[PDB]
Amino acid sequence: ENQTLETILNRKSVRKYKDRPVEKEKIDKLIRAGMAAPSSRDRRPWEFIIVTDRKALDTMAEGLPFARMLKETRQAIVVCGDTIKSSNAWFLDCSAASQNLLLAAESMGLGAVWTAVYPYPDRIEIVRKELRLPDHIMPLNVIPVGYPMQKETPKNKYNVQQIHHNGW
C-alpha cells in the first residue's frame, strides 16, 4: 500500500465547506508543504498570503467570476511568485508548490480548490489591490480551504492515448 499515491489519486477540487475555521496548525502544514516544492536554481521565489479578513475575502469573491466560493470560507491561501527572484520559473515553482499544498490538504481531511489569478489581468488587478501586493509579486492563484461539507469523488483522468514512447 502506498498512501502518497492514494492521496494523489483521490485529490479533488472542493468548492463547498463546513462553517468551521481550519486550525492554525493545519494552515501552517499546508504552507510548509508548499515550500517543500522543487525550485529552478533553488531560488525559492514563492510567497504565501493567508487571508482570513472577511471584507477582503468577500471583495475578491465579488470580483472573481470563478472564485465565488471565497464568500463561503473563513480562509484562503494566495500563492504568489517573486518575478525579480525568478522571472523565467516562478510560475513553474509556484505551480509545484500549489500542488504540494492541495495534496497536503487532501491528506489532512481538508478540501481546497486552485482558482486561477495569473495569467488574467482582471483577476490579477483585484487580488493585487485587495492584498496590497508589490509590483514584483505576482499572484498565481487563490486557494480557498475548509472542511468539506459533503462526500466528494475524484475524477479518473487516466488516458493511455496521452502516453507516447520515444517520440510523439
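From 1 onward, residues are counted along the sequence shown.
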Subject >> Between the two ranges 117-125 and 23-31, the one averaging a larger CA B factor in the entry >> reply: 23-31
Original post:
Of the two stretches 38-46 and 56-64, which shows the higher Cα B-factor on average in the entry?
Top reply: 56-64
Original post:
Considering only modelled residues of the same chain, in which third does the CA B-factor of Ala104 rank: lowest, middle or highest?
Top reply: middle
**OP:** Check where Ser98 lands among this chain's C-alpha B-factors and tell me if it's the lowest, middle or highest third.
**Re:** lowest
Subject >> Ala112 - which third its CA temperature factor falls in, relative to the rest of the chain >> reply: middle
Subject >> Chain thirds of CA B-factor: placement of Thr73 >> reply: highest
